[PDB]
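Residue numbers (our numbering), protein chains in the order written: chain A, 1458 to 1598; chain B, 79 to 217; chain C, 605 to 764; chain D, 782 to 861; chain E, 2 to 742; chain F, 91 to 158; chain G, 158 to 231. Positions of the beta carbon are idealized from the N, C-alpha and C atoms, including for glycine.
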Amino acid sequence: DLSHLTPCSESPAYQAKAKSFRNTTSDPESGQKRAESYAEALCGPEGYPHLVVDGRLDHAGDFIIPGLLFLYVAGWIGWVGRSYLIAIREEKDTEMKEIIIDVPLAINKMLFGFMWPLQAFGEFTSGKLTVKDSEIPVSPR
Amino acid sequence: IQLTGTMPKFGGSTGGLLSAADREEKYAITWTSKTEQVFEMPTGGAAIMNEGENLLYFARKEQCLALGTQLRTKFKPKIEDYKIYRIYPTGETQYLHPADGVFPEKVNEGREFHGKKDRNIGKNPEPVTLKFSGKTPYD
Amino acid sequence: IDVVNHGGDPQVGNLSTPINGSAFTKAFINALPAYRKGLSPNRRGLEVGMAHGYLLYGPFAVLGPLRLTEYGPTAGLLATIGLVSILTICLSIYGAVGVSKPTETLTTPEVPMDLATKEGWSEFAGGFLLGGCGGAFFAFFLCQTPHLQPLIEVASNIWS
Amino acid sequence: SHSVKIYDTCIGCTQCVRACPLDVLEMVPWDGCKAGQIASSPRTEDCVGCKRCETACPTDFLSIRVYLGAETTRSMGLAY
Amino acid sequence: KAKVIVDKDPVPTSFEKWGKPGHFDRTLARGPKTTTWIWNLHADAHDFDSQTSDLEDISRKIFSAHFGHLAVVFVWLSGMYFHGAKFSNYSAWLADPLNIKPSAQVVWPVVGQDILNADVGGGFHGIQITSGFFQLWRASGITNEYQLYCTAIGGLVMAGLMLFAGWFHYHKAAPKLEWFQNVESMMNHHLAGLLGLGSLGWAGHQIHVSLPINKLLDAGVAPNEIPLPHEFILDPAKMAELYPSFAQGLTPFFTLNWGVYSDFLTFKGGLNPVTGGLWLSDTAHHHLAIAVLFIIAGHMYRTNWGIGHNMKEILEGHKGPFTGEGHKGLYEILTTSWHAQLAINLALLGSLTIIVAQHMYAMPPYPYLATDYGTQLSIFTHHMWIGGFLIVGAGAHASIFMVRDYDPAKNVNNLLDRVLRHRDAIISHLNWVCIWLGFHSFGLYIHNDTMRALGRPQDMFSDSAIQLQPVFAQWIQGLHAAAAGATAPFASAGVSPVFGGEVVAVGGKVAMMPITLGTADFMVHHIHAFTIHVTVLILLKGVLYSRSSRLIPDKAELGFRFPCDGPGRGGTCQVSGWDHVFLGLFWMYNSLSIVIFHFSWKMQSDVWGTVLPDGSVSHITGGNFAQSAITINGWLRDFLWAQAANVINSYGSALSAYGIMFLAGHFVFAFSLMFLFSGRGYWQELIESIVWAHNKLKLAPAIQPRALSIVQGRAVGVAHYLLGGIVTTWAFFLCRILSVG
Amino acid sequence: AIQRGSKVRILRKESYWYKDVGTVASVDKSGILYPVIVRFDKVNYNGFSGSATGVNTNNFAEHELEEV
Amino acid sequence: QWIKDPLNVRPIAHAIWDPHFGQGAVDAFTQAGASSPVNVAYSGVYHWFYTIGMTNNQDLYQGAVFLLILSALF
Ligand code: CLA
Ligand code: CLA
Ligand code: CLA
Ligand code: CLA
Ligand SMILES: CC1=C(/C=C/C(C)=C/C=C/C(C)=C/C=C/C=C(C)/C=C/C=C(C)/C=C/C2=C(C)CCCC2(C)C)C(C)(C)CCC1
Ligand code: SF4
Ligand code: SF4
Ligand code: SF4
């Protein structure tokens, strides 16, 4: 239940720090906005917010939402890269547009890269995502 | 045998023969040229190929063939007639580089198979087969 | 006029510069105990050891842990004796391994044939021992007997 | 002395012999190649081990292969 | 003999080659099969000799690339003047230069970097700059920010003009080869026309602009009632009310009555007591004197009219018995090889930049330069680093000359041939003097560590212990302190307060003190000589053994930049001339780090500090160089541990970016050792393991991933090493001196 | 079945393109050990350090191959 | 001395005999209640010996002699 971690509003070390939060942007009340926004976290004896990473809810915003957001964005980047790499193979001049990127193909790969997990599941169930161990270069033992 | 040759006009350097040349072995290169030109010694600096036939001494075989490569390439008269010898301090001379009289990159009859394996390099025995013996897996 | 020539053989890796072999360095290197014509070993070693033992009582006598103490000259003598003994052990084992004929250069066209054998280098080592002990003791006696000798005040005021 | 071993996957391009700086290698006639020649290493006691012959070999794995073994005064390439 | 001849439109201006990378090399044009193509694209982009074999095309490329480099430098200079004009407190700094720090860069508040805007005075928040631009503009007579804005606009116009000239001299009218061979005309126009006319124009500016504006500034007039420099020329009455010898005209110049110009052309020598800089009358007189000397020197060489020298008979006549033939062949070397010219020019520019560093600290040329310790420390450190880099590049290009441009046919029995012939005697005696200097410069520190550790303070090499007083340098200091009035009878003071005299102090801080040299200075100067000598040993060994050695005799055919010849001959690793530059970069790092450490400790302990009202000087550290700069533990404790208390406690303050850069440089130094210690064959096999995992998911790249080459691995390692160490020392120095200075 | 232009997979373990598919440039009909010249899309490691080029063809035997 | 006050007395590993010490190092390394330059033990075998049953120096001496006999036996 994390009795050692108190909420930052009830913690009497966070309230001493929260007066002297510096402004980060040009907004004059940015320190006060940070102070009110970090009060819902858990603070230790230092008076600083802590993040609990075990997938629980009311602390899913620490890791689960940023983690799923990164997984979507990184899957977007990797899937668009893999799609471009596959698309530039079977047209007999691949190093030149590996080094000088074909922009009209890359734009069509990028803007249609939002549906990366559906295409990933389709290629996984279709077997066209993973190359079989026979048709692949392997170093000598 | 006895190496009839005159030395190129060289000013003398510090990269030449050391004490082991007169005690272990030294090497010589003799070459005939029909013109007088300037060459670079592996010893260091530049010397003069005088008209006629030349004899130089070096401490290593690699210095002699580094000179012989400079005699073959990079010269317009295209000197190939060079011979490389080894002189031991006893006095014995061994004629080394053009043994058949032809350069090794040109094939010649009378040369036998040395170091030739009638097997693929991947088809080599494992060292675990050849444990505790003098034989190594490339034999 | 080329004052820097070869030694007579250009393809040998050396040059006959004024410092190397001109007129005054061929002599005085051929006239040192090593490379002198008439000396035997245990005489070359005697001269070399005497010079070395005499010079080595300079950075031990006034430069040591005891140099502010009256035992300082005696400790410098003992340190010189110890260094001469270590160098004699080094010479003895160098000979006992087995020596070759010494390197002939432009400065020294003739090297001592008597130092090309193990027996000659043993005589050289014994002469070095006796010479080093004698030179160290002579320098100790000279530095100690006036008990101040203000030449030692020079280069100890420098090495304060 | 090093061991320069020439294997039977040799196309006889003579690049190893021209790349060799101490005349270790030469060409011998050979019936098992299109070029009619294979490399041989007779005076392999002069091999320093620079592997310039292994650098110049155009086979997928090298038909000429240098094994660094016992070190002599010629394998070290010492002028002294 | 010297005429202008060009080719009209030799290279068309088209964008078709912009989209074809690797066009300059034949090997780079086949296409990127491996990732080594990408690194070879940048490694050989500027190597114009490997691109074309014609020296005329190479010289044309070099001449047109110089204009692009000058355009880049002019964009940089215009950016600095624009930052002074728009984002600086220069107008605030001119009012109160003793309590307002120079700042010329504000930081945008998007994250918590708004703390990086230091409170420097005058209601301005920004980064305290240490470049010395503010003192330079005060010495230039710049009073308002509009004069900086005009100079920034002029810098942009000049940068565009240089870009247009670079396009013009490669695509419209490109000079021939013999337009470059006549170095006689080039050197005459660089001595008289560039250095001579440039210093004459600056002497005229310092007469007409810098001197009256700076005399009114030192007299106590606020800069916005100070008249603009153009009514000093338009109205000579205001110019002649101060320094009243402008009442008479230019005729005493032409009747050789130069003495009446002595009020504004002085030879005072010392520092200005008001500002702490050199007298601007001394600088104007200096620029006039060297302008006349450079213009005279620019009439030495024969160009078109018979009078002059040809720089060949000078070389032909210089020959002795120890050399024989002499300098014959050197004119052809320096007129056919660009690399020999770069090796000479880069060495002299590096030693020149080191001279600039060693001179501007002792004789500060600018008002309030010595007062701001951060500016002085930063310009000294920056110019040492630039100078050492240029010296190592000179060693590099000498090595590139020896295998790519040296011809043994033109060099028989001259100086270069004989240097190659006794290179063993050169390198072995240099090796001996490096070993001797290492023992008798570092073993003194080791002995001092040992006797200070063993409780033997009387057995050390100290001022209280066995002394090692530098009697020659102290004698030279005594000669310079007594030089004014005895050997320089018309100097008011010495050239610098370093050699003697009194404490020159401005405000409450010391401008300069006498710098007494003791045992610690002797020992650290011998370490300076040692490290310089080892850098010379590595670079000169790379130069002399560039073509051949006893190990690899056929090393010129391998090239300047090759990794090795193989594991044979014991292993011929790092035999090339490039790898000696690679090691000499580490040794210049070591050398110049010890130089700037000696500077940053000696000036902080014995020169810099505050002046008590009694008259004594309380220094920054407290004069601990006499007793702690003799031990490595003293250098670790009283210099590195003690003075880095500012860079590590800088977090949450205005200098926290320096602590960030301190840690970042530590990271990059540690990151360098992955490339420096490891080798290519590990990483190629690791990339082979990664390629299979890409092949498993159809992620095989067309350009096959290779590990970095051995030379590129060494280059990446040494660049990261130098970057991480230099950033660390920059951060440590600047955060220390922005807290204690 | 081995003919010029046929795509074929390498069975030499030590080859760079082990279990990789390349085309046939020429097959030699004389009695030599490795008659099938096979050219690949990728390039070998071969070359000096820093060399951007490499070989992409080699001779192979009949038993060292399989037709796809 | 250490078994009387294990929390205050510093354990001594061995004595120092150095010809290179000055007076300052002899005075500095004369520690842990000794009259000689000694080294302070940081391996902590003193705690081990006190725990396993060693009380006096004779029980350590007989253990050292027994270990010498065991090493000779091996
Ligand atoms: C299409 C691009 C792409 C894809 C999807 C992959 C995917 C893979 N890589 Mg990666 N990688 C790539 C490019 C790519 N990489 C590049 C450019 C580099 C060189 C820096 C590497 C070097 C590399 C290493 C060293 C390792 C991986 C690993 C892996 C695996 C785990 C993911 C990971 O660790 O990411 C790590 C990703 C990086 C370190 C760099 C990725 C760079 C960007 C994000 C790639 C996408 C941008 C691309 C340049 C342009 C897209 C094309 C566009 C024009 C449409 C996974 C199979 C690991 C593995 O084998 O796990 C099984 C492994 O150890 N990769
Ligand atoms: C990486 C390159 C680099 C960088 C970024 C800078 C940057 C800096 N330099 Mg620097 N410099 C360098 C290389 C570098 N320099 C080199 C290679 C030299 C040797 C020529 C110098 C010599 C130099 C001097 C002498 C001074 C600067 C100063 C400055 C600072 C202000 C810039 C300015 O406007 O000064 C403007 C300064 C001037 C216009 C005076 C320079 C006039 C010189 C004496 C004439 C040189 C003529 C010619 C170009 C060189 C010919 C060489 C000859 C042997 C043939 C700044 C920190 C100044 C400074 O520290 O002020 C606080 C300063 O006075 N630098
Ligand atoms: C007037 C100056 C001058 C000139 C123009 C030359 C000219 C040249 N040099 Mg160089 N050189 C010099 C100074 C000079 N150099 C100095 C100062 C060094 C000492 C380090 C050397 C050392 C040297 C060597 C060792 C070699 C050359 C070579 C080259 C040639 C091609 C350069 C190239 O394409 O590489 C372009 C490569 C780069 C631009 C990469 C540089 C990467 C640096 C480390 C980054 C810059 C530092 C920066 C502040 C880091 C910021 C990090 C941040 C972005 C995160 C060309 C002849 C090469 C040659 O001729 O090959 C045969 C060669 O190998 N140079
Ligand atoms: C602290 C680090 C360190 C040390 C000790 C050395 C040591 C050495 N470097 Mg350097 N170097 C280093 C790091 C180091 N380097 C790294 C990082 C690189 C950069 C890549 C290299 C690369 C390098 C090159 C490229 C070169 C050297 C050379 C040298 C030598 C200079 C000669 C000298 O000073 O002799 C004196 C020795 C010292 C000052 C070391 C301290 C020894 C003390 C003073 C004496 C103690 C001995 C002791 C009493 C013996 C008795 C003990 C007994 C039990 C055995 C020396 C052996 C140069 C060389 O060999 O030519 C001369 C040279 O060419 N260095
Ligand atoms: C000349 C010359 C030189 C040299 C110098 C020197 C180096 C010197 C040294 C010197 C020395 C270094 C000396 C020494 C001396 C020694 C001696 C003098 C010894 C003696 C001894 C003795 C006599 C002893 C005895 C004894 C004995 C034997 C035993 C018993 C005891 C006794 C002790 C008695 C030079 C090079 C510059 C060059 C020029 C010239
Ligand atoms: S390793 Fe070098 S010397 Fe030996 S055979 Fe190969 S190329 Fe010749
Ligand atoms: S380099 Fe290799 S393939 Fe070419 S001839 Fe020599 S061994 Fe045969
Ligand atoms: S380890 Fe690398 S640099 Fe050294 S010899 Fe082998 S390949 Fe060359």
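Using a Cβ-based criterion (distance less than 8 Å to any ligand heavy atom), does D:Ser822 qualify as near ligand 6? As a first step, residue 822 of chain D is located in the fourth sequence; it is residue number 41 there, counting from the start. Checking every heavy atom of ligand 6 against the Cβ of D:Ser822, one is found closer than 8 Å.
Does ligand 8 have even one heavy atom less than 8 Å from the beta-carbon of E:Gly567? Along the fifth sequence, read from residue 1 onward, the residue named residue 567 of chain E stands at position 566. Checking every heavy atom of ligand 8 against the Cβ of E:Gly567, one is found closer than 8 Å.
Closer than 7 Å by beta-carbon distance: list the chain B residues that pair up with D:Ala860, in chain order. As a working note, residue 860 of chain D is residue 79 in the fourth sequence. Under the 7 Å cutoff, chain B gives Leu96, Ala137 and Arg138.
Identify the residues that DSSP records as bridge partners of E:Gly610: which are they? Translated into positions along the fifth sequence, residue 610 of chain E becomes position 609. E:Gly610 pairs with E:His620.
Anything in the region 147-175 of chain B with a Cβ closer than 8 Å to a Cβ of chain C? List those residues in chain order, please. none
Please check if any C-beta of chain E sits within less than 9 Å of the C-beta of F:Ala115. One-based indexing of the sixth sequence puts residue 115 of chain F at position 25. No, F:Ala115 lies away from the interface with chain E (no Cβ there is under 9 Å from its Cβ).
Could you work out which residue in E:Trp731, E:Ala86, E:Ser282 and E:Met188 is closest to E:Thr152 when comparing CA atoms only? Within the fifth sequence, residue 152 of chain E is the residue found at index 151, counting from 1. That would be E:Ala86, whose Cα lies nearest to the Cα of E:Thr152.
Can you tell me whether D:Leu806 sits near ligand 7, meaning its C-beta is under 8 Å from at least one heavy atom of the ligand? Counting from one through the fourth sequence, the residue named residue 806 of chain D turns up at place 25. Yes, ligand 7 has a heavy atom inside 8 Å of this Cβ.
Which bits of chain F does residue 1613 of chain A rub up against, with CB to CB less than 8 Å? Residue 1613 of chain A cannot be examined here, being either before or after the span of chain A that is shown, 1458 to 1598.
Element boundaries [alpha helix (DSSP H), containing B:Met127]: The sequence position of residue 127 of chain B within the second sequence is 49, counting from 1. Premise fails: B:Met127 lies in the beta strand (DSSP E), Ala124 to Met127, not in any alpha helix (DSSP H).
Using 8 Å for Cβ pairs, my map puts C:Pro637 next to C:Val616. What's the rounded Cβ distance? The residue labelled residue 637 of chain C in the question sits at position 33 within the third sequence. The residue labelled residue 616 of chain C in the question sits at position 12 within the third sequence. Not quite, the Cβ-Cβ distance comes to about 26 Å (not below 8 Å), so this is no contact.
From E:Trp437 to E:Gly742, what does the alpha carbon distance come to, in whole angstroms? Along the fifth sequence, one-based indexing puts residue 437 of chain E at 436. Along the fifth sequence, one-based indexing puts residue 742 of chain E at 741. C-alpha separation (whole angstroms): 38 Å.
Closer than 9 Å to chain A by CB, E:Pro33: For the purposes of this step, residue 33 of chain E is taken as residue 32 along the fifth sequence, with counting starting at 1. Yes, because at least one Cβ of chain A sits closer than 9 Å to the Cβ of E:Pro33.
Less than 9 Å separating the beta-carbons of E:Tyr369 and E:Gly277? Position 368 of the fifth sequence, counted from the first residue, corresponds to residue 369 of chain E. Position 276 of the fifth sequence, counted from the first residue, corresponds to residue 277 of chain E. In contact: E:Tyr369 and E:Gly277 (Cβ atoms closer than 9 Å).
Identity of the residues DSSP links to F:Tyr108 by a beta bridge: Position 18 of the sixth sequence, counted from the start, is the residue given in the question as residue 108 of chain F. Bridge partners of F:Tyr108: F:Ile100.
Classify F:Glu156: buried if its beta carbon has 16 or more other beta carbons within 10 angstroms, exposed otherwise. The residue given as residue 156 of chain F occupies position 66 in the sixth sequence. With fewer than 16 other Cβ atoms within 10 Å, it is exposed.
Between E:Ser60 and E:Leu178, is the Cβ-Cβ spacing less than 9 Å? Counting from 1 along the fifth sequence, the entry for residue 60 of chain E is found at position 59. Counting from 1 along the fifth sequence, the entry for residue 178 of chain E is found at position 177. Contact flag set, yes.
From the beta carbon of E:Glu17, is the nearest beta carbon of chain A less than 9 Å away? Residue 17 of chain E sits at position 16 when you count from the first residue of the fifth sequence. Judged by the 9 Å Cβ criterion, E:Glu17 is not in contact with chain A.
Reference E:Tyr82, options E:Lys34, E:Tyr147, E:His70 and E:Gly560, closest by Cα: Numbered from 1 along the fifth sequence, position 81 holds the residue referred to as residue 82 of chain E. Cα-wise, what sits closest to E:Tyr82 is E:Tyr147.
Does the structure place the region 789-808 of chain D close enough to the region 182-200 of chain B that three or more beta carbon pairs sit under 8 Å? yes
Could you give the first and the last residue of the continuous alpha helix (DSSP H) run that contains E:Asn189? Your numbering for residue 189 of chain E matches position 188 in the fifth sequence. Where E:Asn189 is concerned, the enclosing alpha helix (DSSP H) stretches over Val184 to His191.
Within chain F, partners of A:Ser1477 - CB distance below 9 Å: Working through the first sequence from its first residue, we reach residue 1477 of chain A at position 20. Near A:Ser1477 there are no residues of chain F at all, since even the closest Cβ is about 56 Å away, more than 9 Å.
Could you tell me the alpha carbon to alpha carbon distance between G:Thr187 and G:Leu164, rounded to whole angstroms? Along the seventh sequence, one-based indexing puts residue 187 of chain G at 30. Along the seventh sequence, one-based indexing puts residue 164 of chain G at 7. So the two alpha carbons sit approximately 19 Å from each other.
Would the region 278-293 of chain E and the region 515-523 of chain E be scored as touching if the rule is three or more Cβ pairs under 8 Å? no
Does the distance from the CB of G:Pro176 to the CB of G:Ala198 come in under 9 Å? Here residue 176 of chain G refers to the residue found at position 19 when the seventh sequence is read from its first residue. Here residue 198 of chain G refers to the residue found at position 41 when the seventh sequence is read from its first residue. Result no, Cβ atoms of G:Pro176 and G:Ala198 do not sit closer than 9 Å.
Meets three-Cβ-pair contact criterion under 8 Å: the region 653-669 of chain E and the region 100-115 of chain F: no
Taking only three categories from DSSP, how would you classify F:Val117? Locating residue 117 of chain F in the sixth sequence gives position 27, counting from the first residue. Strand, per DSSP.
Considering only the beta carbon of each residue, do C:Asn646 and C:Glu714 sit closer than 9 Å? Counting from 1 along the third sequence, the entry for residue 646 of chain C is found at position 42. Counting from 1 along the third sequence, the entry for residue 714 of chain C is found at position 110. No, these two residues do not count as a Cβ contact at 9 Å.
For the region 109-128 of chain B against the region 202-211 of chain B, do three or more pairs of beta-carbon atoms, one drawn from each stretch, fall closer than 8 Å, so that the two count as touching? no
Please state whether DSSP places B:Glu140 in a helix, a strand or coil. Locating residue 140 of chain B in the second sequence gives position 62, counting from the first residue. Three-state result, B:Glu140: helix.
For the beta strand (DSSP E) holding E:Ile467, just list the boundary residues, first then last. Taking the first residue of the fifth sequence as 1, we reach residue 467 of chain E at position 466. Neither: E:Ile467 is in no beta strand (DSSP E) and is coded neither H nor E.
Using a Cβ-Cβ distance cut-off of 9 Å, determine whether residue 744 of chain E contacts chain D. In the structure as shown, chain E begins at 2 and stops at 742. Residue 744 of chain E is therefore absent and cannot be evaluated.
Can you tell which of E:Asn145, E:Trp693, E:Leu700 and E:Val719 has the C-alpha that lies nearest to the C-alpha of E:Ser679? If you number the fifth sequence from 1, residue 679 of chain E lands on position 678. Closest option to E:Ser679, Cα to Cα, is E:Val719.
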